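Undergrad:
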Ligand SMILES: [Mg+2]
Ligand SMILES: [Mg+2]
Ligand SMILES: [Mg+2]
Ligand SMILES: [Mg+2]
Ligand SMILES: [Mg+2]
Ligand SMILES: [Mg+2]
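Residue numbers (the UniProt record's numbering), protein chains in the order written: chain L, 2 to 300; chain Y, 2 to 300; chain G, 2 to 300; chain Z, 2 to 300; chain B, 2 to 300; chain F, 2 to 300.
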């Protein structure tokens, strides 16, 4: 009368999980659902601390996704695999996993996919050809030429799929996994109309920092506020291209109160906290407040 | 004209660091200084995530101390050693290290000391004898019988000390290192007057959670607020014992605005943030706010 | 019409899982249910390979339990914690975790419990006092004095329990966790009547190997088969003591066809495969058969 | 009269080991010997579990080779190095090491070679040019341009070689190491005659799974058994090409009783067990049998 | 009167350290200073043992630089990051870090730079184009297109720089970091005049071993001493090219007494000890001497 | 005509290795042989760097033993196990392993033994009772009550022994393993006659550093050389006790030229190099010499 199965209120709500949590959840559908109803915009967390223990703490807060950065995050291969597994298992399927991979590292990519990542963000995209190279490695034939791993499952033992006669989860992979090009250079912005129009993509992300450096704009240099006009134009071209092609934007929110504006701009997947900067600011701020409040005891 | 040495404003302020950051900073003096001037109460951070990368992020915020929990933190031996080194090196000596060790684990204790911990918190202390067993293992003769490690330094190469003719840093260790008993049981509270009076101790900490469980008090059970009277009496006996013997209290601040009251109560070392709970609450709260702000787009 | 939630046949059957998989499943009830209906005798796997990847492979086969050996298994602290989490999460709660700990290692014990182990096997038990020392460390007051860890959960975020007003999962821990003394010495057998009668225990295990060595019996020395009479008497005294006190026996099955006999003897938790020996024999046997079948091509 | 040296029956039979076990054994000769006498066909084990402890267990069963999969196995760099060392040292040279590397990862390749791998399997080979890129990186001049590592040996201390005046083991490497292209795509099969004819190769392997996906064939879709004709033709073209050029085939045996047929088909290196699937099936099968045998106790 | 700050003699002399030790020290200036005054030639140590503990021991000896070999050293990604941090922090900024990376591995390169490496050595350089590919990845725009990592610092908390209005340390990176092509092939030597003349480079290194193999010269084959004339000519062409273009040479000293000659030849960064070979020879030599001295006790 | 088996000069000389290198070599006999012929005094290396890669480098120099310090060396459990395996396997049985364990850590002890350590050094021994507690845990019945591990071998597959009908290697363990008390306190010296007379011990070691601290003697305080008389007396009492009871002394040689004198004093196992201090001094010395030789180029 009190077992877990008899207490529905305790059950996990994981609308997009696969039959097995070692496989990617359906980010493809999650994005389509957020486009249809923006109140369902995915709210997630950026994960750059190379610690599966941290992934577990993040997963327990039940974010819509955990965005793991392998381009700049110091994750070893096995640890990346374990972090992806931990995100999906410790959130019991509620947290989809998106991984930003190094632009030319095939091993990081296959590791992320084999472990269950539902989305791949490609940095520094400037051509449609660069994106198609990822399509080839990310999807099984007939879509691409992704290599099938034998170690991810066990025939007749651990091979469940949401799809019919899909013992190898090829359908799961080709139907759930998403590709998200990241535009973060002058050349990328100049060719964004073509990239945004690719039938193969499921999202678009901008890299303000790298863009500003490449554009020769003083990053964090708004004298009297107001971003540089060149940046404004770049973001306008980028966002309009995504919107016209029905592509949701992926991005981060410097402050959570920016969310409504981002949604109005077309963002449907927003990282609302970043583990490294978030923890740093939380601790630094608490220390500052504490010391300040102790000054009254001087003398 | 612009090297680091020529830019004093960039130099680290590490009032208590030892000659080498592989050795403990002077927590003994830091505590005495905070007692003399409570505006100098040490503000630190509790560290339970077993990741040296996290220690580095915490150390960069320059807390007065990093409190590493080995009683319940999943740190392996080498990783504990590396975390202690990282706390002191990445804060360039500004962050002293305090380690709460498992009550009967000699290896955790020697590892913490050999790596440079300046303070040891002993859990579940109930007798003066239990504390004296730690004195024996924590200090070199004539104070105790701590074993001298040969691998922590290199004779004539890396053996600097703040003390005269102290090539083995025996003086550094015996003069800088502190012992902090933690009172967290009914029997501990009943014998706190004796424990607080020990000439060997340098601080006292209370464990509210374990105490409440041991006392049969409903942890987190304040119907209309107001803590249980049995707990109030326990804290009064504990704090009065510490105060009368000139022993500073070590503790945590549930909310940073509690700091002034804690200082008034005799706390001179306060953990103002906890990595696990802090990160969890930060992310969970941001997610909640984000989703709430997206509801306006429903339909 | 095809999401996971809409495909009940794919849902995990985890009769004893807790509200959160970071907490122990109800082994206490599982054992009582197996005693009531022996067809429900728990069939599990012994895990001595210190690799969480292996734990994941074992968990995917959905054993009733994964028995992790820390007395002789080379698991580091963090890796033990991760293996316990992996067993429960990758089996989605179907696999309870039992850990045999080193007889005097408090850190191994607290690590196993804090990570979610539902059963603790104590090696070389010879006195009721030795068992009561484990009761003190394994259960929270009023039963024992186990220390409460703050890092295992997150207040108001990740603290679900199957029990009412149990935000700290103290009820979960004290109601789900089991103690299993292991009898494996001459003195242990001589005092088994007293050990078996302890109200605090939930199972009993025998250690044939250590017993035989201690008894001076030629381990693996059955000339014409037929175990030594001294061993037979020892097992009879052991099994009769367990049976008369209503204590289920925990043990291993050298060959799976021994299961019926073991159940008839009172075993209600049986390890039917061992990862190290199982993998070794599987590979060695396949190699032998392969080479033998190739001999026909000689010349 | 009883030391190891005085007990020849206990000595290791390692026909192809190098002077030092940190260097590759002579797989080149082992393959030639198996071609001359098929009863000597190499029987090995596939290793996909990223654990050196597992490598040690596998090595102790004395397989003719351990096939480590780095294309899909989650081995970190140092762990790959350690696994290769463990395979050769724990089998005392009896187990040669073959590594399937990611197709474009130079670091995985140099790590595998520097650690002592005697064979490299190249996945998804479709052109002779792709194979020649591996020849360049796998062999020292004059054969290729492989970079010489200084850290693998110690001049005048640990630099033994089976070859004369070969202090750097350049001869060992160029004479012992083998290249094995893996054909697993429609284009690969279409160009197999050319690949099989390369004077540089020492073996050929087929990838049925990837081939079937690429060919649009229902993997595991034999309605009434009988593989797809397109697959049969592909295997016939592949095997005939290998046979006509005197190239031994490398492959796996779904069941050990397939060995004779595989040898008749030209296989001279067969993986007769796979650690991940083998352990999974062993445990799952034992659990099933155990539970089934317990049903008689229901009620 | 005796704190660290009051004991200047104990302070670290780190002429080239950055504002934060997580950022590269100024190797660019160190090299220019050594060119101006060769008595300041950088004396460092080569590090091939994949252990951060070893890095710490090496850093404590205060070398002018620690040269980490990732081309052939078995460093995992996170461990490489930690070794670079340890070299700079445990030497308190006195030891600059130079990393030789695999020629085509972008992740090794970004990891080395993000962790604080001040110099990158590129192996097997044969064309100016190969070097310019590294310039693109090593420096931020306008010099290159290096991607900016968000996880290396914390805005407003840990972002100090020696340069004005340089919150992102872009100036630090572009002004401190050096590129050192390594010439170690016949084609490399044939094109050394062009490589040496590149305005983008800051040093040149020769690879005698790889060169000799590529040139078909008997490495370690000086019958009556005297290196092969082809090698002499190669080194002459190499050194003259470096000297005429004002490029300092980077190299190793087989024996420390070679230093004066190397400086006369234009070397300004010399690795005077190698951890693997150094430790090996030290131990092997001590063992030999010890056993030899014990022979007098025979009988 | 050139295989390894056909080149006896390349074969390993391992007089004391067991049938399997996962088991302890015969240190018991090695010590007896050194006592009979002191020219055979064991020359080994002390290993305090927690890196199995380092163990491999040390093992390749073929020391008579590798002395691993777990009392003060930061070895994790699995890493200790791997280091012990590496020492014996990479020296192909020539290097026996001695481990100094923490005085009260049962897990360190069982790990060291289960991995193959042939000798255990017990620190801070002061009573015969302390030594007998180790005898109980180190040897199987009838000698002690050491627990038998099932994971160290594989029945019928990997269970070879030098002894007859010893499938569990109980004879190997009880006949090869040695106990070495370490005397390093005033009380230890005062009771050395009794400790030295124990029939159970196989060696004796002194701890000069800890002794001097405990005795209140200025460690490294020989004004005009000449050790303190109290120390001289202590060493005389210690050495005479060992000699009269036929117990060989275990110790270290500050400089290799001390070996003859140590042998004359009764030492039969001498650590002639220490990895941490050895590497530190080698590098520091090379740096000093290099910089000194560069001074001539100043100006
Ligand atoms: Mg970017
Ligand atoms: Mg507590
Ligand atoms: Mg036992
Ligand atoms: Mg394939
Ligand atoms: Mg080279
Ligand atoms: Mg000592």
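Think of the CB as a built atom: it goes at the ideal place given N, C-alpha and C, for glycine as much as any other residue.
Output the boundary residues of the alpha helix (DSSP H) element that contains residue 274 (chain Y).
TA: Where residue 274 (chain Y) is concerned, there is no enclosing alpha helix (DSSP H), although the beta strand (DSSP E) it sits in stretches over 268-275.
Undergrad: Tell me the DSSP secondary structure of residue 209 (chain B) in three-state form.
TA: Helix at residue 209 (chain B).
Undergrad: Tell me the DSSP secondary structure of residue 95 (chain G) in three-state form.
TA: Looking at residue 95 (chain G) - three-state DSSP - the assignment turns out to be coil, as it is neither helix nor strand.
Undergrad: Which partner residues of residue 70 (chain B) appear in the DSSP bridge assignment?
TA: Its beta-bridge partners are B:101.
Undergrad: Which first and last residues belong to the beta strand (DSSP E) in which residue 182 (chain B) is found?
TA: From DSSP, the beta strand (DSSP E) with residue 182 (chain B) extends over 179-184.
Undergrad: Figure out for me which residue from G:257, G:122, G:77 and G:249 has the closest Cα to the Cα of residue 38 (chain G).
TA: Here the closest residue by C-alpha is G:249.
Undergrad: Taking only heavy atoms of ligand 4 into account, decide whether any of them is closer than 8 Å to the Cβ of residue 215 (chain B).
TA: No.
Undergrad: For chain Y, find out if any of its Cβ atoms is closer than 9 Å to the Cβ of residue 120 (chain F); answer yes or no.
TA: Not an interface residue.
Undergrad: What is the C-beta distance between residue 257 (chain Y) and residue 287 (chain L), in whole angstroms, given that I count them as a contact (C-beta under 8 Å)?
TA: The Cβ separation is near 5 Å, so the contact holds.
Undergrad: Hey, could you find the ends of the beta strand (DSSP E) residue 43 (chain Y) is sitting in?
TA: Residue 43 (chain Y) -> beta strand (DSSP E) spans 43-48.
Undergrad: Is residue 185 (chain G) near ligand 3 - that is, is its Cβ less than 8 Å away from at least one heavy atom of it?
TA: Result yes, Cβ under 8 Å from ligand 3.
Undergrad: Going by DSSP, name the residue or residues bridged to residue 52 (chain F).
TA: Its beta-bridge partners do not exist; DSSP assigns none.
Undergrad: Is the segment 67-86 of chain G close to the segment 114-122 of chain G, with three or more CB pairs under 8 Å?
TA: Judged by Cβ distances under 8 Å, the segment 67-86 of chain G makes contact with the segment 114-122 of chain G, as three or more pairs qualify.
Undergrad: If we define contact as Cβ-Cβ less than 9 Å, is residue 1 (chain Y) a contact residue for chain L?
TA: Nothing in the structure corresponds to residue 1 (chain Y), since chain Y is present only between 2 and 300.
Undergrad: Just mark residue 63 (chain L) as buried or exposed, buried being the case when its beta carbon has 16 or more other beta carbons within 10 Å.
TA: Answer is buried; the Cβ neighbour count reaches 16.
Undergrad: Is any heavy atom in ligand 2 found nearer than 8 Å to the beta carbon of residue 48 (chain Y)?
TA: Not under cutoff, so the answer is no.
Undergrad: On the premise that residue 276 (chain Y) lies in contact with residue 48 (chain Y), defined as a C-beta separation below 8 Å, what is that separation, rounded to the nearest angstrom?
TA: About 5 Å; that satisfies the 8 Å criterion.
Undergrad: With a 10 Å radius around its C-beta and 16 neighbouring C-beta atoms as the bar for buried, classify residue 60 (chain B) as buried or exposed.
TA: Answer is buried; the Cβ neighbour count reaches 16.
Undergrad: State the CB to CB distance for the pair residue 40 (chain F) and residue 66 (chain F), rounded to an integer number of angstroms; the pair is presumed to be in contact (CB under 8 Å).
TA: That belief does not hold up - the Cβ atoms of residue 40 (chain F) and residue 66 (chain F) are roughly 16 Å apart, past 8 Å.
Undergrad: Return the bridge partner residues of residue 253 (chain G) from the DSSP annotation.
TA: According to DSSP, residue 253 (chain G) bridges with G:272.
Undergrad: Given 8 Å as the limit, tell me if residue 105 (chain Y) has its C-beta closer than that to any heavy atom belonging to ligand 2.
TA: Checking every heavy atom of ligand 2 against the Cβ of residue 105 (chain Y), none is found closer than 8 Å.
Undergrad: Kindly list, in the order they appear in chain G, the residues whose Cβ is closer than 7 Å to that of residue 77 (chain Y).
TA: Ordered by position in chain G, the residues that pass the 7 Å Cβ test against residue 77 (chain Y) are 77, 78 and 79.
Undergrad: Counting contacts by CB-CB distance shorter than 9 Å, is residue 203 (chain Z) in contact with chain G?
TA: Chain G, which has no Cβ nearer than 9 Å to the Cβ of residue 203 (chain Z), makes this no.
Undergrad: Name, going along the chain, the residues of the segment 43-55 of chain G whose beta-carbon falls closer than 7 Å to a beta-carbon of chain A.
TA: No chain A is part of this structure, whose protein chains are labelled L, Y, G, Z, B and F.
Undergrad: Between the alpha carbons of residue 129 (chain Y) and residue 267 (chain Y), how many angstroms are there, rounded?
TA: Answer to the nearest angstrom: the Cα atoms are 22 Å apart.
Undergrad: Would you say the beta carbon of residue 125 (chain B) is closer than 8 Å to some non-hydrogen atom of ligand 5?
TA: Result yes, Cβ under 8 Å from ligand 5.
Undergrad: Taking only the alpha-carbon atoms, compute the straight-line gap between residue 33 (chain F) and residue 176 (chain F) and give it to the nearest angstrom.
TA: Rounded to whole angstroms, residue 33 (chain F) to residue 176 (chain F) spans 13 Å at the Cα level.
Undergrad: For ligand 4, I want to know if residue 52 (chain B) counts as a neighbour, meaning its beta carbon is within less than 8 Å of at least one of the ligand's heavy atoms.
TA: Not so, every heavy atom of ligand 4 lies at least 8 Å from the Cβ.
Undergrad: Determine, using beta carbons only, whether residue 138 (chain L) and residue 174 (chain L) come nearer to each other than 9 Å.
TA: No, they are not a contact pair.
Undergrad: Strictly by DSSP, which residues pair up with residue 159 (chain B)?
TA: According to DSSP, which records beta bridges pairwise, residue 159 (chain B) is partnered with B:155.
Undergrad: Quick check on residue 125 (chain Z) - is its C-beta less than 9 Å from some C-beta in chain B?
TA: No - not a single Cβ of chain B is within 9 Å of the one on residue 125 (chain Z).
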